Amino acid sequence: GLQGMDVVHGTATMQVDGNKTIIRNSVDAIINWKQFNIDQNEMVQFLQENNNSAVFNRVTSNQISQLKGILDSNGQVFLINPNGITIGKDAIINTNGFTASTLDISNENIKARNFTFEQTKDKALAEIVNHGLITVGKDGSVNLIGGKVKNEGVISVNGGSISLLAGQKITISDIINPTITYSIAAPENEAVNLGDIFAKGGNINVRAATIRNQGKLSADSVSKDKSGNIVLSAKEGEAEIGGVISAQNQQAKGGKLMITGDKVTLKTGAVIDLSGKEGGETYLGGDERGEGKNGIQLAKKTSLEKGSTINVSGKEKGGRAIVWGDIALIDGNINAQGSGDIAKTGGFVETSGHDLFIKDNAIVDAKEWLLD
């Protein structure tokens, strides 16, 4: 399904052996394509000069990328396609870093390593959908950047970062372990997780106008030396949080979870699990007393629904849960228990707003529970 190869920076050769295509590219080569498809029984390999090498691929036609077979590389693979990118249910993308973007980035910015992506005005919003397996066995990251970003399959890395970024303009500090240094999303820019995302102690970042989680976001660790960090920002819209968000570490301290946006909802049945030997830490809807320190967004409305659970407990010592909403509705369970008696080893829970409603199903188990 690879058509119309045109190497516009660097050098790249193509070898076809049956259902397998091997592309040998120079470090940081840029290749344009009329079509970048990988059919079900096809395999594409980017054989790079070292494991830190990247290759940049751009579809310049109207052809949506249908990735149904195997895409692999010892280095990093970047795919740009403003028509959309769809990874099929039996597809495996196995690299040391995978970036798929429906937002455009110039050759000039690639060469400068200025990773600024912007929605083209000349095409409708497009989607990145993963139905298959996107996997990194080593240290690399996965970045999915688009008009809408949807995971229905599995994305799995080994201590690196996974970022689902939907917006009109997105700048990341790097393509490995990115910090989002600039982001603007329109209401139609949504990031949706129906499948499972695993970072094994690493980072998960999700940024869109609206975020919907029905599946699992996991940065669980089984190593004492590393705990995960999960950040969701639905700045222009709602963070609708169902499913499971986990960053446990039963060998040490649980990880950190921050969920902010204009509206933050933890739905009935949803579980946040940041437990460990010592409980982890979560900020939901803003910070202590709604001060807005460190530029954190204060939600206009934060609701923890009946039958939702925040677990920041520890076998030895409870963790920390900070909840803010200009209107704040607290109706779920918040467990910040430690070992024996709570007055000694329990954690710290703050739930506040300008209008605070501690509703009748609310249960908070902590050493200290603050209402301001």
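Don't overthink the numbering: it's just position in the shown sequence, from 1.
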### Stretch with the greater mean C-alpha B-factor as recorded in the entry, comparing 81 to 89 against 288 to 296
288 to 296
### Per the entry, higher mean C-alpha B factor between 56 to 64 and 315 to 323
315 to 323
### Task
Compare the CA B factors listed in the entry for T102, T282, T268, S173 and report the winner.
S173
### Query
Between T210, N96, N203, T179, which one tops the list for C-alpha B-factor in the PDB entry?
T179
### Summary
For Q214, the third of its chain by CA B-factor is the middle
### Task
Within this chain's modelled residues, let me know which third the CA B factor of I358 belongs to: lowest, middle or highest.
lowest
### Task
Using the B-factors in the PDB entry, rank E188's C-alpha atom against the chain and give the third, lowest, middle or highest.
highest
### Task
Relative to the other modelled residues of the same chain, rank the CA B-factor of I110 and answer lowest, middle or highest third.
middle
### Query
Where does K123 sit by CA temperature factor within its chain: lowest, middle or highest third?
highest
